[PDB]
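Read the structure below first, then the notes.
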Amino acid sequence: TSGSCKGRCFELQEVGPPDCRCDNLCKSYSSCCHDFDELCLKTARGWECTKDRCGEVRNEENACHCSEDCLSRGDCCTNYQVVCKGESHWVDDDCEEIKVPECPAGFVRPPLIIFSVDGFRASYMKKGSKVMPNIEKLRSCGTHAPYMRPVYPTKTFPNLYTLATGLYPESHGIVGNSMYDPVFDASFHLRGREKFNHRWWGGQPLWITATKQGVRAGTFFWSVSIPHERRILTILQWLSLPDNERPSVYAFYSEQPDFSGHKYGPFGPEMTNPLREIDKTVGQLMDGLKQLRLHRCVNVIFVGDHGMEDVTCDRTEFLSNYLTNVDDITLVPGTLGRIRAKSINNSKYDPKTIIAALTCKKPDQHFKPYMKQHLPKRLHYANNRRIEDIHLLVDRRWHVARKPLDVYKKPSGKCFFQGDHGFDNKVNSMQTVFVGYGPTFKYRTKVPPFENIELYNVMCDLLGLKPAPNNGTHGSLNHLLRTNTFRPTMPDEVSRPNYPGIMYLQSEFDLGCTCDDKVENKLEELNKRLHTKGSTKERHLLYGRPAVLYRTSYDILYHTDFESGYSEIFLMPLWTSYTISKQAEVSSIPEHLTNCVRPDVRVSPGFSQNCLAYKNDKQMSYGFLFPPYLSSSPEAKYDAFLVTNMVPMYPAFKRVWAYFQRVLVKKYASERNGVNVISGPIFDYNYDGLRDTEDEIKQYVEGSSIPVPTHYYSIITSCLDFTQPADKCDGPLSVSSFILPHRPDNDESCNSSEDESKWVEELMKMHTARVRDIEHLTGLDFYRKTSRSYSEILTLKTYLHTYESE
Ligand SMILES: *[C@@H]1O[C@H](CO)[C@@H](O[C@@H]2O[C@H](CO)[C@@H](O[C@@H]3O[C@H](CO[C@H]4O[C@H](CO[C@H]5O[C@H](CO)[C@@H](O)[C@H](O)[C@@H]5O)[C@@H](O)[C@H](O[C@H]5O[C@H](CO)[C@@H](O)[C@H](O)[C@@H]5O[C@H]5O[C@H](CO)[C@@H](O)[C@H](O)[C@@H]5O)[C@@H]4O)[C@@H](O)[C@H](O[C@H]4O[C@H](CO)[C@@H](O)[C@H](O)[C@@H]4O[C@H]4O[C@H](CO)[C@@H](O)[C@H](O)[C@@H]4O)[C@@H]3O)[C@H](O)[C@H]2NC(C)=O)[C@H](O)[C@H]1NC(C)=O
Ligand SMILES: CC(=O)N1CCC(c2ccc3ncn(CC(=O)N(C)Cc4ccc(C#N)c(Cl)c4)c(=O)c3c2)CC1
Ligand SMILES: [Ca+2]
Ligand SMILES: [Cl-]
Ligand SMILES: [K+]
Ligand code: NA
Ligand SMILES: [Zn+2]
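For the sequence shown, the positions run 54 to 573, 576 to 861 when the authors' numbering is used.
Structure (structure tokens):
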């Protein structure tokens with residue numbers, strides 16, 4: 054209600070009731086003092102000095118000032134010095150390297166300004182280059198990536214809050230632009246008051262991190278009605294505050310180009326103007342900085358939240374074409390789908406029937422249903438009660454809706470949107486931008502594409518802050534920075550391995566296993584012992600053994616063709632490592648060995664699996680981590696049938712695994728000049744993306760203590776310079792990895808009735824993963840011994856092979 058904004062315009066500390074507000078959010082709350090527009094939103098004479106205004110007598114009613122006292126007051130129009138003092142616009146100056154911060158007296162650290170653009174698709178940097186000269190200058194003189202990968206869903210609020218926290222949406226809680234929380238019994242929407250409640254927003258955003266550590270920073274939010282010119286003058290005025298009152302971190306947000314993109318499509322003729330306007334805004338800021346002598350002092354980040362795809366009303370799939378009982382569901386619609394029961398706590402609603410009704414029903418169906426725990430692990434989109442159990446991943450360019458009436462509104466439905474976003478974060482059109490410019494960033498430097506979850510750590514480094522715990526890998530972006538404040542180091546190994554020798558006689562085992570192995576000297580007898588003691592180990596373990604980062608009991612087991620870390624707790628390897636050269640031969644499993652499983656005399660009966668359990672369990676079969684198909688000799692092949700190389704596999708999954716092992720590994724070795732492979736099980740029954748403890752396991756091989764993995768991983772490494780073979784590589788490494796769901800059916804692959812060569816590799820691609828994802832899921836740390844710097848290895852562990860084109 055009552056009070057005035059006199060002397061309080063855009064105040065940094067927000068005031069509580071009954072008092073009214075004057076901060077950059079009061080409009081959104083409808084709580085500004087009655088004089089806020091008059092005092093704080095002045096517009097008279099616009100935003101630019103003209104020659105007749107130079108030296109004018111100050112008139113306090115003006116939007117900005119061209120009077121002689123304006124620099125000292127901090128409120129000149131941004132082009133004042135250009136029009137009134139002969140100066141050049143920032144964009145017209147040559148790029149000059151900023152070797153050290155050049156800041157006015159009283160500046161304790163380089164401020165950080167974050168310039169966020171909604172819907173700014175990565176390819177705008179090239180395609181709109183002719184109309185964005187300020188942005189193209191930032192980009193070419195500063196540090197830039199060809200693109201930056203958003204988080205899933207590629208929506209506005211999940212991505213902006215990820216930028217601010219370094220957390221996946223499942224952890225920070227802003228899991229969509231709209232969501233329903235079943236505990237609150239309440240819905241969050243872009244428009245409305247509910248989103249104002251702090252209960253939705255978890256983690257610790259940069260502004261709170263800054264404030265707790267004595268670095269001044271307000272929120273990054275802005276009321277929509279404040280025009281962009283007024284946001285810029287406001288940041289410039291804040292920058293003129295006394296040392297003790299002045300923030301060190303600033304955020305500008307633009308609703309464009311996303312606003313126009315939705316109307317016109319990502320490349321509509323109408324899009325050129327919104328890009329011109331954003332560029333002009335960047336020039337205002339840079340001109341303003343140059344006037345305050347801050348242009349070689351501040352670090353500027355030009356970053357988007359997501360891209361934009363062509364999407365029209367007629368490319369909509371309707372759930373009413375698949376379900377008969379469509380009135381029993383609630384759907385969060387659009388470029389993703391989330392389905393829950395219409396009536397809360399209803400007993401006769403069956404997720405399984407709904408999934409079945411939505412699976413592979415039309416040949417060219419433009420969505421695929423998933424239980425959230427089965428979504429690709431790279432999306433990290435499950436561990437939150439606001440994420441509905443049923444999820445539809447929608448094809449790029451499409452929508453999903455519940456019924457035709459939701460889309461085609463009355464009289465009779467015309468469209469009027471041509472662009473949208475929210476799809477899978479690997480989709481090219483969803484990629485967005487990153488540019489860093491300033492003393493702390495590198496000069497004229499390209500960096501590879503990286504994920505937006507990494508930026509929070511870098512922003513904290515830019516500000517001298519210790520980051521709160523987050524999902525970035527701190528050190529993975531050190532290569533963006535001229536001067537690093539963070540020196541990453543490897544985690545300490547927690548469990549050391551046992552190295553067992555031959556300890557058990559064959560007749561001590563009663564595993565119900567058989568093998569035809571008595572088949573067949577003194578020459579290849581010391582050679583056998585040498586191999587078991589680790590002689591080929593430098594060939595098959597190329598980057599050191601993985602470190603185990605939790606308390607457990609495990610054995611290193613050496614063999615001619617592979618090495619493994621065998622867990623006595625889980626009764627199977629945590630990891631199995633082997634190298635396949637370009638020249639390696641694929642062989643079959645000989646007939647007499649089809650069902651061969653051999654006791655491992657290094658490992659006690661009590662810490663072994665047993666064949667009887669597999670015989671008894673009519674759902675569950677087994678496979679091998681090191682593939683028998685890739686044995687170096689008929690004799691070495693016997694090692695691949697050890698009980699200690701066996702893992703539980705559904706027959707449906709064995710189709711996938713066997714194709715990977717028999718066909719794909721050798722293909723990758725041919726294409727990449729050898730590969731090193733590390734494979735193993737993953738257990739994540741509570742879908743939190745983290746290694747399960749043994750008391751979290753919900754499924755065992757019938758009547759045994761053999762736990763069933765939820766997923767199987769492989770990491771496939773070779774030499775970046777493929778003229779060098781994987782095992783003799785002098786330089787940087789190249790990696791691709793996957794985490795395959797261990798599922799009892801192949802319903803996810805609509806083509807699975809066909810030959811494996813038509814569907815397996817597509818499935819694997821969909822489930823591509825970062826090394827770092829596998830680390831969280833296993834409590835292992837890889838690449839412990841290489842000739843590469845740790846920062847570079849941290850970048851490699853964050854890499855995701857996406858299989859998109861260009
Ligand atoms: C990505 O990175 C993130 C961050 O590093 C990783 O997420 C972290 O994962 C940790 C391990 O799972 C988890 O540890 C929990 O923490 C429990 C305490 O939870 C609350 O407090 C957290 C800390 O708050 C303070 O610090 C932050 C700075 O970061 C400040 O900003 C805060 O203001 C505080 O000062 C807090 O972050 C956490 O937030 C969640 O819940 C909020 C409130 O509802 C949400 O608003 C918010 O969005 C968060 O929601 C996410 O996380 C929760 C789980 O925490 C999840 O359910 C949601 O779906 C969502 O994803 C809370 O407010 C602590 O109690 C836990 O300890 C119990 O379990 C362990 C074993 O698991 C035991 O060792 C322990 O003894 C204890 O068990 C006992 O007690 C239980 C009964 O109470 C019972 O189960 C049992 O029987 C025992 O008796 C454990 O430490 C972190 O909370 C979590 N942080 C975040 C932000 O998510 C994430 O894993 C990374 N992802 C990947 C893939 O790597
Ligand atoms: C958590 C907290 O402090 N709260 C809870 C939310 C609250 C609140 C109050 C008023 C608001 N007025 C406008 N908008 C729209 C807007 O600012 N954007 C579109 C730009 C933007 C900029 C940075 C981030 C980020 N990160 C994000 Cl998600 C969005 C808001 O979202 C908004 C939120 C403030 C206090
Ligand atoms: Ca888990
Ligand atoms: Cl959403
Ligand atoms: K079986
Ligand atoms: Na199928
Ligand atoms: Zn949008």
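Backbone N, C-alpha and C fix where the C-beta goes; we use that ideal spot for every residue, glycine too.
Kindly indicate the opening and closing residues of the alpha helix (DSSP H) around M512.
As a position in the sequence shown, residue 512 is number 459, starting the count at 1. Per DSSP, the continuous alpha helix (DSSP H) segment holding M512 begins and ends at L508 to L515.
Can you look up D171 in the DSSP assignment and give me helix, strand or coil?
The count along the sequence shown starts at 1 and reaches residue 171 at position 118. The answer is strand: DSSP assigns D171 an E or B state.
Can you check whether the CB of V353 is closer than 7 Å to the CB of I166?
Taking the sequence shown and counting its residues from 1, one reaches residue 166 at position 113. Taking the sequence shown and counting its residues from 1, one reaches residue 353 at position 300. Yes, the Cβ-Cβ distance between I166 and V353 is below 7 Å.
Measure the C-alpha to C-alpha separation of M201 and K316 and round it to an integer number of angstroms.
Here residue 201 corresponds to residue number 148 of the sequence shown, with the count starting at 1. Here residue 316 corresponds to residue number 263 of the sequence shown, with the count starting at 1. The C-alpha of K316 is placed about 24 Å away from the C-alpha of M201.
Report the CB separation of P457 from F371 in whole angstroms; it is logged as a contact under 8 Å.
Residue mapping note: residue 457 aligns to position 404 of the sequence shown, counting from 1. Residue mapping note: residue 371 aligns to position 318 of the sequence shown, counting from 1. Their Cβ separation, rounded to whole angstroms, is 6 Å, which keeps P457 and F371 in contact under 8 Å.
Measure the Cβ-Cβ separation of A668 and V756 and say whether it is below 7 Å.
For the purposes of this step, residue 668 is taken as the residue at position 613 of the sequence shown. For the purposes of this step, residue 756 is taken as the residue at position 701 of the sequence shown. Yes, the Cβ-Cβ distance between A668 and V756 is below 7 Å.
Is it right to say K852 is buried, meaning 16 or more other beta carbons lie within 10 angstroms of its own, or is it exposed?
Locating residue 852 in the sequence shown gives position 797, where the first residue counts as 1. Burial call: buried.
Extent of the continuous beta strand (DSSP E) run through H831
On the sequence shown, residue 831 is found 776 positions in, with the first residue counted as 1. From DSSP, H831 is part of no beta strand (DSSP E) but of the alpha helix (DSSP H) over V826 to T833.
Measuring from the CB of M701, is there a heavy atom of ligand 5 at a distance below 6 Å?
Mapped onto the sequence shown, residue 701 falls at position 646. Checking the 6 Å criterion, the Cβ of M701 is out of range of every heavy atom belonging to ligand 5.
Could you work out which residue in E749, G172, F470 and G255 is closest to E623 when comparing CA atoms only?
In the sequence shown, counting from the first residue as 1, residue 623 sits at position 568. Across the set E749, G172, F470 and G255, the C-alpha of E749 shows the shortest separation from the C-alpha of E623.
Given a cut-off of 7 Å, decide if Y609 and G620 are closer than it, judged by their beta-carbon atoms.
As a working note, residue 620 is residue 565 in the sequence shown. As a working note, residue 609 is residue 554 in the sequence shown. Yes; because the gap between Cβ atoms is below 7 Å, this pair is in contact.
Beta bridge counterpart(s) of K401 as assigned by DSSP:
To locate residue 401, count along the sequence shown from 1; it is residue 348. In the DSSP output, where bridge partners are listed per residue, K401 has none listed.
Can you tell me whether DSSP reads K499 as helix, strand or coil?
What you label residue 499 is simply residue 446 of the sequence shown in a count that begins at 1. DSSP places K499 in strand when its eight states are reduced to three.
Considering only C-alpha positions, which residue in the set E150, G525, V547 and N187 is nearest to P541?
By 1-based counting over the sequence shown, the position of residue 541 is 488. Its Cα nearest to that of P541, the residue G525 stands out among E150, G525, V547 and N187.
Which residues neighbour ligand 7 when neighbourhood means a C-beta less than 6 Å away from any of its non-hydrogen atoms? List them by chain order.
Here the residues close to ligand 7, judged by CB distance below 6 Å to any of its heavy atoms, are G172, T209, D311, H315 and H474 in chain order.
Taking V135 as part of the beta strand (DSSP E), name the residues at either end of that continuous run.
For this step, residue 135 is matched to residue 82 along the sequence shown. Looking at the DSSP string, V135 is not in any beta strand (DSSP E); the run it does join, the alpha helix (DSSP H), is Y133 to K138.
Beta-carbon proximity of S734 to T631, cut-off 7 Å:
The residue labelled residue 734 in the question sits at position 679 within the sequence shown. The residue labelled residue 631 in the question sits at position 576 within the sequence shown. Cβ atoms of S734 and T631: closer than 7 Å.
Is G229 near ligand 4 - that is, is its Cβ less than 6 Å away from at least one heavy atom of it?
Residue numbering aside, residue 229 sits at position 176 when the sequence shown is read from its first letter. Taking non-hydrogen atoms of ligand 4 into account, the C-beta of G229 is found less than 6 Å away from one of them.
I need the boundaries of the beta strand (DSSP E) containing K421, first residue and last residue.
In the sequence shown, residue 421 corresponds to position 368, counting from 1. Counting along the chain, the unbroken beta strand (DSSP E) around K421 starts and ends at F420 to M424.
Output the distance between the C-alpha atoms of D332 and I188, rounded to the nearest integer angstrom.
By one-based count along the sequence shown, residue 332 stands at place 279. By one-based count along the sequence shown, residue 188 stands at place 135. Cα to Cα, the separation comes out at about 6 Å.
So, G360 versus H452, is the Cβ gap smaller than 7 Å?
One-based indexing of the sequence shown puts residue 360 at position 307. One-based indexing of the sequence shown puts residue 452 at position 399. Not a contact, by the Cβ cut-off of 7 Å.
Just to confirm before moving on: does the CB-CB distance between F708 and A695 stay below 7 Å?
Your numbering for residue 708 matches position 653 in the sequence shown. Your numbering for residue 695 matches position 640 in the sequence shown. At least 7 Å separates the beta-carbon of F708 from that of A695.
Starting from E308, trace the beta strand (DSSP E) both ways and give me its first and last residue.
Stepping through the sequence shown from its first residue, residue 308 is reached at position 255. According to the DSSP assignment, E308 belongs to the beta strand (DSSP E) that extends over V302 to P310.
Closest Cα partner of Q257 within the set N437, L585 and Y214:
In the sequence shown, the residue the question calls residue 257 occupies position 204. Ranking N437, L585 and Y214 by Cα distance to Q257 puts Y214 first.
Starting from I635, trace the alpha helix (DSSP H) both ways and give me its first and last residue.
Walking along the sequence shown from the start, residue 635 turns up at place 580. It is not in any alpha helix (DSSP H) - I635 instead sits in the beta strand (DSSP E) that spans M627 to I635.
Cβ contact (3+ pairs, closer than 8 Å) linking the region 400–420 and the region 467–477
With the cut-off at 8 Å, the region 400–420 and the region 467–477 do not touch.
With 16 other Cβ atoms within 10 Å as the buried cut-off, status of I555
Here residue 555 refers to the residue found at position 502 when the sequence shown is read from its first residue. Its Cβ having fewer than 16 others within 10 Å, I555 is exposed.
Do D358 and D171 count as a contact pair if the criterion is CB distance below 7 Å?
Taking the first residue of the sequence shown as 1, we reach residue 171 at position 118. Taking the first residue of the sequence shown as 1, we reach residue 358 at position 305. Yes; because the gap between Cβ atoms is below 7 Å, this pair is in contact.
Does the beta-carbon of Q471 have 16 or more other beta-carbons within 10 angstroms, so that it is buried, or is it exposed?
If you number the sequence shown from 1, residue 471 lands on position 418. When all chains shown are included, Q471 counts as buried.
Skipping 5 residues on each side, what residues in its chain have a beta carbon closer than 8 Å to that of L432?
Numbered from 1 along the sequence shown, position 379 holds the residue referred to as residue 432. So the list reads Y205, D477 and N478, once near-sequence residues are dropped.
Taking any heavy atom of ligand 6 as the mark, which residues have a C-beta closer than 6 Å to it, listed down the chain?
What you get when you keep residues with a C-beta closer than 6 Å to any heavy atom of ligand 6 is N801, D802, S804, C805 and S807.
Can you name, in chain order, every residue of its own chain whose Cβ lies under 7 Å from the Cβ of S57, other than the five neighbours on each side?
As a first step, residue 57 is located in the sequence shown; it is residue number 4 there, counting from the start. A distance below 7 Å between beta-carbons, with the five flanking residues on each side excluded, links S57 to the following residues of its chain, in chain order: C86 and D88.
Is the beta carbon of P492 closer than 7 Å to that of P157?
The residue given as residue 157 occupies position 104 in the sequence shown. The residue given as residue 492 occupies position 439 in the sequence shown. No, they are not a contact pair.
Contained beta strand (DSSP E) runs [length at least 3] in the region 77–105, N- to C-terminal order:
Fully enclosed beta strand (DSSP E) runs of 3 or longer: not present.
Pick from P601, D234 and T383 that is closest to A454, judged by C-alpha positions:
Along the sequence shown, one-based indexing puts residue 454 at 401. Measuring from the Cα of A454, the nearest candidate turns out to be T383.
Any heavy atom of ligand 3 inside 6 Å of the beta-carbon of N374?
Here the question's residue 374 lines up with position 321 in the sequence shown. Taking 6 Å as the cut-off, the C-beta of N374 does not count as close to any heavy atom of ligand 3.
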